[PDB]
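Chains as they are written, first to last, in the deposited numbering: chain A, 2 to 603; chain A', 2 to 603; chain B, 2 to 593. A prime marks a further copy of an entry chain. In this text, a Cβ means the ideal position worked out from N, Cα and C, and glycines have one as well.
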Amino acid sequence: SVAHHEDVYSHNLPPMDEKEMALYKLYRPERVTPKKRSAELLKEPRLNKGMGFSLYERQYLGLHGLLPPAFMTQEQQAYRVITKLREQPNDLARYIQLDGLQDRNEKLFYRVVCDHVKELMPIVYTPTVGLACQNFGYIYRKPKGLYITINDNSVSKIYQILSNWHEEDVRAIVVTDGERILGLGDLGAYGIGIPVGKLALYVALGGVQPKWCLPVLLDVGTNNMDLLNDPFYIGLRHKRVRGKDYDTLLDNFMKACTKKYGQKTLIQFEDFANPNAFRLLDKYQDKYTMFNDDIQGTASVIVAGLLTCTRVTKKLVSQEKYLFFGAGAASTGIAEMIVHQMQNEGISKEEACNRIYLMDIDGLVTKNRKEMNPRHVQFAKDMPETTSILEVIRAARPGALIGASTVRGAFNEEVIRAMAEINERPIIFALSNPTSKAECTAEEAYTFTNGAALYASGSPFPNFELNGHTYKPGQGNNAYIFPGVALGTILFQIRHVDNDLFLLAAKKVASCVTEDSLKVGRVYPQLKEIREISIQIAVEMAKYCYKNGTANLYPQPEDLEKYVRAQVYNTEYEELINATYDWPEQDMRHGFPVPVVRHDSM
Amino acid sequence: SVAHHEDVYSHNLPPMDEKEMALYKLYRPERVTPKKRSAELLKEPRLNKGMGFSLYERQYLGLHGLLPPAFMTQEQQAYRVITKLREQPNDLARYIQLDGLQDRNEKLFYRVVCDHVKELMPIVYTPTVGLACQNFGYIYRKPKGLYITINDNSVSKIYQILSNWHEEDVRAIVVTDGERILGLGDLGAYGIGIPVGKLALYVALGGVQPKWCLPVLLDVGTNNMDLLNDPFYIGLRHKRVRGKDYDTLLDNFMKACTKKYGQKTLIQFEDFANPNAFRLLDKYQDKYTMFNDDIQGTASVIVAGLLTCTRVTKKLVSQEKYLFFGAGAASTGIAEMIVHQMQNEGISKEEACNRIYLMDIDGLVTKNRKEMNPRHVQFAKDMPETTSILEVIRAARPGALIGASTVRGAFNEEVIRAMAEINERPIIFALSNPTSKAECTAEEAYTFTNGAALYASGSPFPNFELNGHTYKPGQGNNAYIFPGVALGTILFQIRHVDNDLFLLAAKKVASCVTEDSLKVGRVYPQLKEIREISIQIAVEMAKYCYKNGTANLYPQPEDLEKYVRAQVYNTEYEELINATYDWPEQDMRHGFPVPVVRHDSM
Amino acid sequence: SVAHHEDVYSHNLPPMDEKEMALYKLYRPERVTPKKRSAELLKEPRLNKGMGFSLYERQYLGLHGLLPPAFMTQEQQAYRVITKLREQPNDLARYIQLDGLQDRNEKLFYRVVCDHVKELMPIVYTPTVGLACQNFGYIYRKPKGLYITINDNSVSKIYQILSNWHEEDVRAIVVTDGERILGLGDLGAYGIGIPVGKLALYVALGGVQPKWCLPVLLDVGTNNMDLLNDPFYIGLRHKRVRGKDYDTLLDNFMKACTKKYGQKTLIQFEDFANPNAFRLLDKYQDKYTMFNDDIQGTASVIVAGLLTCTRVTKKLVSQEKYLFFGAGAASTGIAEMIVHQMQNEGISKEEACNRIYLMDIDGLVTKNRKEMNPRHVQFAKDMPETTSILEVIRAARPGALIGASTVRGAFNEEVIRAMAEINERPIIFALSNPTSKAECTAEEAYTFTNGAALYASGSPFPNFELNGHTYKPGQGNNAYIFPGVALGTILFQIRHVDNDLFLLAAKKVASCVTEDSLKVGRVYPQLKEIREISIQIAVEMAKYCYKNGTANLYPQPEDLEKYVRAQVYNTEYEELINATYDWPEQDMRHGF
Ligand SMILES: NC(=O)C1=CN([C@@H]2O[C@H](COP(=O)(O)OP(=O)(O)OC[C@H]3O[C@@H](n4cnc5c(N)ncnc54)[C@H](O)[C@@H]3O)[C@@H](O)[C@H]2O)C=CC1
Ligand SMILES: NC(=O)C1=CN([C@@H]2O[C@H](COP(=O)(O)OP(=O)(O)OC[C@H]3O[C@@H](n4cnc5c(N)ncnc54)[C@H](O)[C@@H]3O)[C@@H](O)[C@H]2O)C=CC1
Ligand SMILES: NC(=O)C1=CN([C@@H]2O[C@H](COP(=O)(O)OP(=O)(O)OC[C@H]3O[C@@H](n4cnc5c(N)ncnc54)[C@H](O)[C@@H]3O)[C@@H](O)[C@H]2O)C=CC1
Ligand SMILES: O=C([O-])C(O)C(=O)[O-]
Ligand SMILES: O=C([O-])C(O)C(=O)[O-]
Ligand SMILES: O=C([O-])C(O)C(=O)[O-]
């Protein structure tokens, strides 16, 4: 136990001022002792350390004998996990092993994932998760998510379902109806793995407390005929509901979630069908603490890559011309975000649009097109119609070429060459996923520009070595933005998340790109830096939000950075046993304080 | 179970519009099913209904056989309780029976207390609770409060103690160091019953959810020699600590409470020593969601009585002159509140004070006094010194006479007569407690004014019948204010509670005084009306707070009154079993959705 | 938490040989750590030590802050309790305080009762419990018993009620239908306090583990018209059911209990109307581990008194003559036991029954009886019908006079004098309760005898000084017998309890009577010696039952006494935190 003149768990601390010490004690995480013991404790992923439990811990908590007689450090445990991970036959098996690890030892799970982020991120989420949902179907595991269906349509029915969730302090919810699992399509009730994986990244990359995360899948049916014909499908066996009923379920959902966990609850939409996703974002953006990563996150991270490029083309975003090959959800969202960013730079919206050109399956979007998307009206160009990328390039001489059109290798030598003729350092972004759909590989962009192109892709490409100069092409991964935006939003209870905040996040990502990477053609920070980037984003959001009074956390913490750093998740094992401490010796004595004569009996 | 086209627990409802229905479903309380069963459930006061449990409930929840084979309604149960209550030998025994009832069946406890508020309020709190703490010492009961001592001085040590409290959703805390238990003095660690009783009123009179309440007693020692010599004292056996250490404990306390339950947590100070209480209020008022009932509540409820009087003397508060016999904590607080109220009426602070005269043990407080309290500086009168109430009356001809000086019968016939000569309807308030210390009884005030005096007292006096005209003198009970102020503060997350809000509460109490009572000389509403008054106060506070942006609940509820009425505690027994409901018949079927050929075995 | 070469909780152990050490470790109680914390733990009487918890315990268990900042010793807590107990207005008030204590801190409850047995036994049970049930009605308390009614009449329905009981390891059950609460009568559902108090004594006086105890009240209705008319009554509001349905409810009860806890479960019947008491005993006695204290405990504790008396009259029971004034349940049961005791001493059931004379409202029970009770037939004497005890005395010349007839002063000077005439040390027992109904007081028994009378009563009488000699009359309290019989039965899983076992318990109590107590006319041991007596009875029972093969505990423990002493309840607080111990250093290291 601790001495009467000492505080609990305050040993071997760095020298601190009387003021610093107080601020440290105010912000620091306090020990939380569990109620569970023995097997029940070992079966709780948030408490279980496995063989990482010392002998004394095992005896005190009633775990002794239920675990093998070997004792390990978290590091030795992570070694065992990574070793077995790499011995796995394929990525799907690694996904299964990792999902199991999350259900076994949560601290270890994040330790391992954070330590090998570049190697494991594409397993936890990115592209393997969708493949796992499609191929495995119902995956055996601990209840780590909720299914809310069109047959539980009411605030009360949804409330009762949320009430079945173990944790009461839910602050982050990622929901999907499973209609547009990125790169796979409609997988219905099998899409539960998407919210799960997304939240795993909120924790691993953002620092968001795992107990605050709640993955949700809304089941209104599926239009995937293979599933409706599949005798092993476990979702509602009917086509997707879409009338007022669907809109009612979503309304009742947002209500129930906020009625249950509070209006400040962050609800993020993931993998909805493009049109539906945009509609929902427009309806809830200003009513709840919500955002859609596919729309706003994508737009944001690309703008971050472009902002970084600025430092090389020496031309501001408002001083550049952009050509998008493809004008669907991604391109349109990105373009709009670029417009906002240009306005915040001084230019008018009118002139902002003028520097943006859109091409779609029909060709260049011109003011004289039959029936175009409303969101394209302000980008339509007063120029001659064409289907030639080269003709559009020569006419507008853009400084940046961005492809978000599922067309493989549409950025051929002639196109690349063209760009590397009108520009000293051409910006080429091949965003279509996976790499097999990339408008062009990194190798092609550098070779056909003599290594002068500023390239970024949706899917990761190997390093390139041309004439001595080495190139490390970067990925425009949403993971650079959403974790930090989620963290800042949660910790400070930001009421609503708007473009300005995503722009702020994008500017922050750009500012973290080092010179050592910029000299290697890298316009994105290294993935292992997202945790730090996330914290920096969270603090920046606080500053911005307190100024316009949108942060609800009251009062503003005296030291934003310290508060945030004390709030983020710690992958290190913690003590589960209460700390003991002395009271002044005379006050801990047992027995009458004042003597009396003992009673007599029979 | 409910039909597939119906919602859970939505039967036999009043006709509702499509809009009304939605608002009802949004605000209404949702069913919460317990995890405990059998004896463990029966031992939880918030779940236990006792023999009020039906046979089906007892069988389902594993209670059957653990209770007698008799079934009752809550009404029949309340009858049994009230009957036994009145058969009790004295009030202390009733206090013990009621404390036990609170630990047995919480719903019943509040049912009984709310039904017989006038008869039971003085048992639960008011004057019996202090007597019980003094005479019984350690009272056997379920852990219904927390002890935080000077030896648990640190945010972490206090945090760990709060972590031992069962409920996590704490929103209301009433704390005392037990130094000034009203009318009894320093009772040290025995004062725990004060916060307990105060919170019981928050629930019964304000409607505050009982699970949000947390009673706390800070133990830094006691200066009561009888206790330090008592071999049965259970508190720290030393005199009260008072240096920076005491101030540190209180600071660490406010920090830990907010760090644990949130900055919006309402912490109310009760029964601290007058000077200490005022100091603490000044230090925390603007830093936390805190207030002191003894100071602000007292000042407030008296102002409410005076405001009501206005409707009879036809003279506004800013058009009246007040004379206080006694100038300690009560009188000074009341006077200051009257000053604020007069300013809000148009008059200047300078002129406001001019209408207020203070007399203390030395006599009239004049500008030419040796060493007077700072808070008296602005009330000191530029007039001749004297010790005669009659001389001061004749000189200022006040319209209201307020006594807050422990001197029994100091308002004698001559004094009363004087008042009923300068004024048609003299305002006489005898606030000293108990009745045995009252500056004058109601009977004396009416008799010596021919029944024209506007009388109110700190302690309740019987009804008076003079020359046909019946009189029902009222009590200036704090209970008219604090419940509603607490309710509004909690439900809307008001950041800070200032004079303006107490004034608003006082104006609301005044507005509820009916004509039927005003004709009987009653300047206070009937106690049984506090629940309704509390709700009206809560709503009014919301309106006021949303206008100046001090209410943190976001967003402002569409219907303030409905939101509040759906939030208040309901003394009626609730269902503890999950409501069941149908899904479309085809969706609830068990078995392969699509046929397959059965496998073969050996 | 402990060195790699040490065993957990084994410090300060008395010197022991390798074998003694082994047997000690084998029999000793092991620590049991609870799962509850904070208020939940504080709300469990079996765990809660209240302010007796040390500061470290409170911190570790999450109790800190929930208790006042004072630390006490158990002795200190017991003092606080006795003070308030003696400050109570009356015994009923002490009953309520004690009931609350058992619901608050179980170890303390038993520490207090055990420390002041003579003072508190009559509050816990004896005469106060019945009056509390009658006067208070449905008293507020933690669930501490089960109510099984005529409406839960099936093995499954009763099984589900038992399943609602917390403890799974129930081994002793005391049940009453509340029709005949001693001294008060039919109290219906209000009679649940009787089984509760009875079990409290099982623990306090017998050393029976508290977790094994289950109080039960069978509610089949009540004939008490006041209760039926009392709007506050909480039992079934209708007259008692007695047909086949009652018998079936009792059969299903016995079935359900044994199915739930096992055939080894001791089920003791208490305060049943005399007819049902005897019938049920006869029916279940050899089919279950069952017995009825009112019948067997009474007969046994009285035979124990008569046995101690043979030590002064130099006349073995088989060499004695007994006259019972009153021949109801009590007298008849005692007679049957005495007879059984006589048969075991060599005599035949011929002489035995011929050595016992009965009397009732209609005087002596003679062979010339019109419609006499079946159980009396073998005692009915073939002699002239009388009504005067004196005439019977002079005729049969009894060495002992036993009264179990609700008639006060039945034994007048004449009657007593006549006994002190025929016998040097006449045996006079006034068993009617309360004292206001005793056949005669001690003062009377001694005075009108010169102090030569071997007296005992059912209720307590103060010490009496005659001719400079102080007399201390004893009480034939069932508490000397049932705790021990229960302990032995439970511990060694004895299949059935029969006369021989009660007789064995009777002989043990008799043997613990010191010479000094005997010189003071006391024919029963001191109330404070019951815990020790119970342990001795259990050991004696095991020996007897292992010999005739009726003890199911297998195998016979090596040292019966050491075994029993390791099983009995301990009132001292125990550790609730796991003991920790080292492993070889090389084997606790973390990492590769
Ligand atoms: N979170 C996300 O949703 C992200 C998606 N991406 C990638 O962006 C790509 C596009 O996604 P979406 O905008 O949602 O699809 P989309 O269906 O909304 O838009 C595709 C656009 O490309 C045009 N297009 C198709 N074939 C063409 C051709 N031969 N020539 C010229 N224009 C053509 C279409 O007319 C349409 O405007 C995908 O490959 C996706 O993997 C990249 C980053 C993030
Ligand atoms: N929550 C509360 O604390 C409430 C208290 N009260 C009652 O108000 C009374 C006063 O309370 P406090 O202000 O806290 O006491 P206090 O000690 O703070 O003030 C008493 C005042 O009366 C004066 N005084 C004393 N004897 C006098 C005499 N013979 N002649 C003229 N002036 C005299 C003193 O100098 C002092 O100014 C008490 O009887 C109390 O029960 C009433 C309502 C609420
Ligand atoms: N556990 C127990 O039940 C114990 C009971 N007792 C006491 O034994 C006494 C009798 O109990 P029970 O046998 O159960 O009642 P009972 O009704 O079964 O027996 C009473 C007997 O006394 C006879 N009797 C009544 N008035 C008489 C009179 N004037 N003259 C002669 N004979 C008369 C009756 O005819 C009947 O045979 C009670 O006072 C009881 O408190 C003593 C020890 C234990
Ligand atoms: O074996 C493992 O996977 C690891 O060491 C663990 O303890 O979980
Ligand atoms: O008896 C009572 O006090 C009441 O009926 C209850 O059930 O608690
Ligand atoms: O006061 C008491 O009754 C005793 O000290 C206890 O802790 O229960």
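Anticipated Cβ contact below 8 Å, residue i with residue j, distance rounded
i: residue 617 of chain B; j: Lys199 of chain B; result: A question about residue 617 of chain B goes unanswered here, because the residues of chain B that appear run from 2 up to 593.
i: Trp584 of chain A; j: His5 of chain A; result: 6 Å
i: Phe449 of chain A; j: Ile417 of chain A; result: 4 Å
i: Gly298 of chain A'; j: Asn434 of chain A'; result: Not quite, the Cβ-Cβ distance comes to about 14 Å (not below 8 Å), so this is no contact.
Simplified DSSP assignment, three categories, for residue i
i: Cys441 of chain B; result: coil
i: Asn434 of chain B; result: coil
i: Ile482 of chain A; result: coil
i: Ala401 of chain A; result: strand
i: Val217 of chain A'; result: strand
i: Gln476 of chain A; result: strand
i: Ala396 of chain A; result: helix
Distance, residue j Cα to residue i Cα
i: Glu45 of chain B; j: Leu67 of chain B; result: 14 Å
i: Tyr111 of chain A'; j: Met589 of chain B; result: 56 Å
i: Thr266 of chain B; j: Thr333 of chain B; result: 28 Å
i: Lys368 of chain B; j: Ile534 of chain B; result: 42 Å
i: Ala552 of chain A; j: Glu562 of chain A'; result: 27 Å
i: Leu317 of chain A; j: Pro427 of chain A; result: 14 Å
Residue closest to residue i, alpha-carbon to alpha-carbon, out of the options
i: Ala330 of chain A'; options: A':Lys143, A':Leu14, A':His377 and A':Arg523; result: A':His377
i: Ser406 of chain A; options: A:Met360, A:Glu392 and A:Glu445; result: A:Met360
i: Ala453 of chain B; options: B:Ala421, B:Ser157 and B:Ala480; result: B:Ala421
i: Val3 of chain A; options: A':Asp294, A':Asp153 and A':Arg87; result: A':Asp153
i: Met52 of chain A; options: A:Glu41, A:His65 and A:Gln494; result: A:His65
heavy atom of ligand 8 below 7 Å from residue i C-beta
i: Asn106 of chain A; result: You won't find ligand 8 in this model; what it holds is ligand 1, ligand 2, ligand 3, ligand 4, ligand 5 and ligand 6.
heavy atom of ligand 5 below 7 Å from residue i C-beta
i: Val82 of chain A'; result: yes
Distance cut-off 7 Å: residue i Cβ against heavy atoms of ligand 6
i: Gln78 of chain B; result: yes
Ligand 2 heavy atom lying under 7 Å from the CB of residue i
i: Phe326 of chain A'; result: yes
Heavy atom of ligand 1 within 7 Å of residue i beta-carbon
i: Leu432 of chain A; result: yes
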